[PDB]
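Residue numbers (the entry's author numbering), protein chains in the order written: chain HF, 2 to 93; chain HA, 2 to 93; chain HB, 2 to 93; chain GF, 2 to 93; chain GA, 2 to 93; chain LF, 2 to 93; chain B, 5 to 82, 86 to 205; chain C, 5 to 82, 86 to 205; chain A, 5 to 82, 86 to 205.
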């Protein structure tokens with residue numbers, strides 16, 4: 002349904018700074034964060050596609066300042082099985 | 002609510018020395034620590050922005066003497082979605 | 002409260018030898034050990050400042066022979082927020 | 002509790018000018034002054050940390066023009082033994 | 002409220018001649034004198050601003066006759082917290 | 002009561018120019034003029050101390066352009082015996 | 005004049021973006037305006053000739069529409088584009104300080120400190136005001152945009168002293184060169200709180 | 005305010021001519037004004053200090069009277088005469104765009120094209136508007152004369168496209184160098200017809 | 005708007021002095037304003053952003069209070088202090104030409120001559136007007152202080168011809184270099200007496 006935006010940072014500080022920069026510089030909603038272990042944590046925002054594109058392009062710039070960005074990606078329309086199976090905050 | 006300060010250390014010992022230096026050097030509140038695996042731990046203080054600014058610039062100074070500092074950052078005002086979604090000591 | 006002493010070793014073996022050397026060379030209380038993942042474990046002793054300083058300087062000398070001693074630190078007086086917030090064995 | 006600010010002047014006129022410039026230049030509380038004899042008097046302001054830092058760095062700059070500035074210091078969080086044992090305006 | 006004027010003299014005699022010349026040279030009110038020890042004493046006049054300005058600029062010239070003038074300063078509208086906290090003869 | 006200001010000029014022209022400049026450049030009152038013979042004449046203004054200071058300091062600048070100023074002086078608070086004994090325009 | 009409100013009514017599309025175009029000429033101000041409204045369906049807030057002979061365009065819409073209109077605008081004004092701005096999400100307190108210059112009549116009874124900042128361009132003023140509102144809990148009191156003061160634009164914030172110092176840091180970072188002067192009053196007098204410009 | 009009307013009533017002398025004096029100073033603005041009214045009996049329309057610190061004089065009368073007042077005025081001014092104008096017969100539609108800055112609110116349902124043109128002086132704006140009204144069937148919508156935009160002055164014309172391009176030709180010839188920019192919009196958007204400055 | 009009166013009521017302290025601070029910036033305009041009100045308890049008349057992007061401060065009080073506030077203000081300003092003025096006893100007729108620009112619309116029927124004078128700074132206009140009102144029996148008719156005409160400021164005096172020649176002498180001696188132009192009309196026309204700016 003809603004488009005998906007993610008920031009993955011090796012480190013909790015860069016992830017929190019990235020999540021704050023995403024929710025400030027656009028009208029998105031931080032649904033949560035995933036801890037895949039090894040110091041990698043992933044902040045997940047979700048909203049309409051131009052807003053999450055602006056949010057992640059702000060969060061990538063604000064997380065390279067203080068941390069180490071592993072991956073940035075915007076899924077403009079995730080399939081319903083992704084939201085049903087993986088935890089993206091829109092679980093039916 | 003109040004502004005946010007963080008010290009991420011690869012190691013529990015540098016994190017405890019950083020947390021002790023932050024709570025001694027200025028009027029903050031150590032709401033705790035986040036364990037993101039791989040040995041990375043993030044001590045989190047929370048107060049007004051001048052005290053957490055002085056607290057982190059004392060904690061980075063006192064934590065590089067004992068261990069390895071990954072990242073230090075001060076958010077002057079965390080957005081309400083960050084307090085609601087991430088565990089930063091002010092979940093309503 | 003009581004003074005604090007920590008040994009962080011990348012490995013359970015070096016931590017156990019460090020903790021044995023700490024509790025044999027002083028009158029300290031080994032409250033336990035913290036598992037921050039990734040192979041790091043931190044042994045914590047806790048008592049008055051001379052005993053914890055001599056205990057940790059015995060444990061550092063006996064833990065470099067079997068492990069990779071990451072950090073060694075003594076806190077002669079931790080602030081009350083540290084003990085109330087972090088797991089150091091004196092949480093009220 | 003509240004952060005501390007001090008201006009010590011060898012002379013009463015410079016102390017009153019410094020205390021006037023402090024309580025005009027920021028939002029502090031002048032709790033009074035301390036006489037150690039020999040011409041030394043110390044004006045003590047006490048408030049939050051940014052206000053006392055700005056207030057004392059203005060009071061020092063206004064007391065150099067009229068008197069002799071012995072010492073200026075800002076304590077962001079004085080320990081409760083200092084508040085209860087020394088006459089620093091917040092004796093419970 | 003009422004403007005403030007001070008003469009600080011290392012010695013009682015120069016302070017008395019200063020205070021007498023101040024109260025003879027303008028319409029001010031000698032509210033008293035502060036002894037900080039070490040031989041420094043400060044006579045304080047407190048009236049409106051033109052009176053205390055002319056009074057202290059006559060008292061400084063008359064106090065350099067017999068004594069050793071340390072500092073002279075006029076505060077044309079001292080803050081209410083100074084008069085509330087320091088002994089300047091208008092404490093409510 | 003009222004402060005006293007005087008301009009003494011060797012010549013009636015410089016005195017009248019000084020008197021005009023005094024009563025124009027401030028809010029003072031020219032009570033009169035005294036003729037001590039030998040070509041010396043004296044214009045006397047009388048009012049509150051900042052006004053007579055500004056008036057005489059303008060009258061000196063306007064009477065040196067056209068005449069020969071012998072003396073300029075401002076008395077901020079003359080005694081009652083001066084006004085009672087000499088012609089200063091406040092004779093009871 | 006209800007097009008400058010922060011949140012729209014329920015029968016309206018939500019338009020959170022804002023783009024400011026400051027132009028040295030008024031004629032291609034109009035050319036930039038209708039080219040931007042030709043390419044993408046933006047809601048144009050103002051097209052107003054302001055002082056020192058310049059033209060101030062403000063448009064509003066969704067993020068993609070404002071981005072497309074602004075890219076059409078900055079490819080037409082090439086040139087005479089003095090300064091530009093493209094915000095995807097303007098802060099809620101900024102929306103009533105756009106149309107007319109607002110002046111404050113009173114502060115609250117807990118307001119500690121106040122920061123006044125002027126920029127050489129309108130876009131730098133709006134950009135720094137938005138950046139300071141986002142990373143500080145400060146309140147925007149009054150704001151003048153190039154009318155009556157010949158192109159320059161100022162605004163004041165109030166709040167706690169450490170908050171307005173953090174806002175001073177972020178304003179001095181976002182302006183950089185367009186900042187003419189910023190003044191950090193830490194305790195304004197009782198005879199001036201709430202009543203600055205008069 | 006009825007001294008600016010195009011045709012006078014029956015108990016009035018018909019005054020078709022117009023002279024504009026734009027002066028860098030205001031003191032000899034008044035000296036130029038009363039010298040012009042001393043030499044010849046020209047009905048003075050306005051004597052107004054406008055922005056960028058300049059003074060705007062408009063006088064009205066018959067052709068010989070305006071010519072005589074203007075020759076007196078340009079021998080008094082020269086100097087501090089930034090720009091002058093002497094129209095022996097001003098067009099009828101130009102008579103209401105002099106006193107107050109007019110802005111249009113709606114055009115028509117058949118108006119094809121609009122042309123906005125701005126000049127660095129006031130006399131060039133009035134001259135170009137008069138020339139384009141005389142050699143085109145175009146309509147004058149809105150015209151700002153140096154107040155609020157610091158000495159520059161603009162106006163927009165509307166009409167059929169070939170007409171406003173001939174008007175663009177004659178404006179670009181009469182201005183020459185005082186023209187800052189002219190814009191020939193051949194089809195303005197439905198969201199901007201009639202309502203440009205807002 | 006009653007704080008600009010010449011003589012105060014009986015239940016008020018008499019405030020004859022006047023200080024004018026003209027500043028190139030508006031941020032340290034406010035810093036100068038509250039520093040002056042911190043040192044000495046002046047009554048502040050205005051803190052107003054006027055044209056060409058400058059700030060204009062007027063304070064009122066007793067002679068010593070205004071002197072102390074002005075010396076605090078000029079040690080905080082220096086920098087951005089464009090021009091300053093400190094008058095210990097401002098003339099009566101000058102007290103109503105400070106707040107809003109006034110234009111006189113009629114003269115008395117004995118008024119011989121008129122002198123219009125413009126200065127490049129506001130402090131020079133206020134200073135020259137005060138000096139000329141002190142050393143002439145002239146009347147101050149109208150006066151513009153930097154709004155609408157970008158920092159320049161003018162005023163016209165009227166009176167008998169020899170009086171306004173003496174006033175021209177004293178204004179040309181007090182301005183000196185800040186005088187842009189002064190014009191001594193010896194007999195203004197019957198169609199322009201009282202009605203100059205319109």
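For each residue, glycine too, the CB sits at the ideal point set by N, CA and C.
Check	Outcome
Return helix, strand or coil for residue 73(C), following the three-state DSSP convention.	helix
Going along chain B, which residues have a C-beta under 7 angstroms from residue 188(C)?	29, 31 and 32
Could you list the residues in the stretch 19–31 of chain GA with a C-beta less than 8 angstroms from some C-beta on chain GF, going in chain order?	none
Do the stretch 45–64 of chain B and the stretch 145–158 of chain C meet, that is, are 3 or more Cβ pairs less than 8 angstroms apart?	yes
Note down, one range per segment and in chain order, each beta strand (DSSP E) of at least 3 residues found wholly within the stretch 26–60 of chain HF.	30–38 and 41–48
Could you check the C-alpha separation between residue 23(C) and residue 70(LF) for me, to the nearest Å?	59 angstroms
Mind checking residue 93(C): buried by the 16 CB within 10 Å criterion, or exposed?	buried
What distance in whole Å lies between the Cβ atoms of residue 68(C) and residue 25(C), which are believed to be in contact at a cut-off of 8 angstroms?	Contact flag wrong, Cβ pair sits at about 18 angstroms.
Taking the runs of the alpha helix (DSSP H) that are 4 residues or longer, which of them lie wholly in the stretch 14–46 of chain A?	31–43
Give the straight-line distance between the Cα atoms of residue 130(A) and residue 89(A), rounded to the nearest whole angstrom.	9 angstroms
I'd like the list of long-range same chain contacts for residue 70(A), defined as Cβ closer than 8 angstroms, with 5 residues on each side in sequence excluded.	21, 22, 23, 44, 46, 63, 64, 93 and 95
Please return the same chain residues whose Cβ sits closer than 6 angstroms to the Cβ of residue 110(C), not counting the five positions on each side in sequence.	149 and 204
Please state whether DSSP places residue 15(HA) in a helix, a strand or coil.	helix
Kindly list the residues whose CB is nearer than 7 angstroms to the CB of residue 8(C), restricted to its own chain and excluding five residues on each side of it in sequence; keep chain order.	49, 102, 103, 105 and 106
Whose C-alpha, out of 56(GA), 82(GA) and 17(GA), is nearest the C-alpha of residue 33(GF)?	82(GA)
From what residue to what residue does the alpha helix (DSSP H) around residue 133(B) run?	129–141
Ordered along the chain, which non-local residues of its own chain (more than five positions away) have a Cβ less than 8 angstroms from that of residue 12(HA)?	40, 42, 68 and 69
If the cut is a Cβ gap below 8 angstroms, which residues of chain B does residue 55(GF) touch?	168 and 193
Is the Cβ of residue 50(GF) closer than 8 angstroms to any Cβ of chain HA?	yes
Just grab the DSSP bridge partners of residue 93(C) for me.	23(C)
Are the C-beta atoms of residue 77(HA) and some chain B residue less than 8 angstroms apart?	yes
So is residue 63(GA) in contact with chain GF if we call contact Cβ pairs under 8 angstroms?	no
Which term fits residue 18(HF), buried or exposed, when burial requires 16 or more other beta carbons within 10 angstroms of its beta carbon?	buried
To the nearest angstrom, how far is it from the Cα of residue 180(A) to the Cα of residue 22(LF)?	16 angstroms
Closest by CA to residue 29(GF), which one among 75(GF), 86(GF) and 80(GF)?	75(GF)
Under a Cβ-count criterion, where at least 16 other Cβ atoms within 10 Å of its own Cβ denotes burial, should residue 92(HB) be classed as buried or exposed?	exposed
If we call anything under 8 angstroms between Cβ atoms a contact, is residue 83(A) one with residue 127(A)?	Shown without residue 83(A), the model has chain A running from 82 straight on to 86.
So who's on the other strand from residue 162(B), going by DSSP bridges?	124(B) and 150(B)
With DSSP as the reference, label residue 80(B) as helix, strand or coil.	helix
Secondary structure at residue 169(C), three-state DSSP: helix, strand or coil?	helix
Could you list which residues in chain HA have their beta carbon closer than 9 angstroms to that of residue 39(HB), in chain order?	11, 38, 39, 40 and 41
Might you give, ordered along the chain, the residues of its own chain that have their beta carbon closer than 8 angstroms to the beta carbon of residue 84(C), omitting 5 neighbours on each side?	Here residue 84(C) is not present, the numbering of chain C passing from 82 to 86 in one jump.
Taking the alpha-carbon positions, what's the residue 18(C) to residue 10(C) distance?	9 angstroms
Would you tell me roughly how many angstroms separate the C-alpha atoms of residue 136(A) and residue 8(GA), rounded to the nearest one?	42 angstroms
Just how far apart, CA to CA, sit residue 24(HB) and residue 15(GF)?	57 angstroms
Mark residue 195(C) as exposed unless 16 or more other C-beta atoms lie within 10 angstroms of its C-beta, in which case mark it buried.	buried
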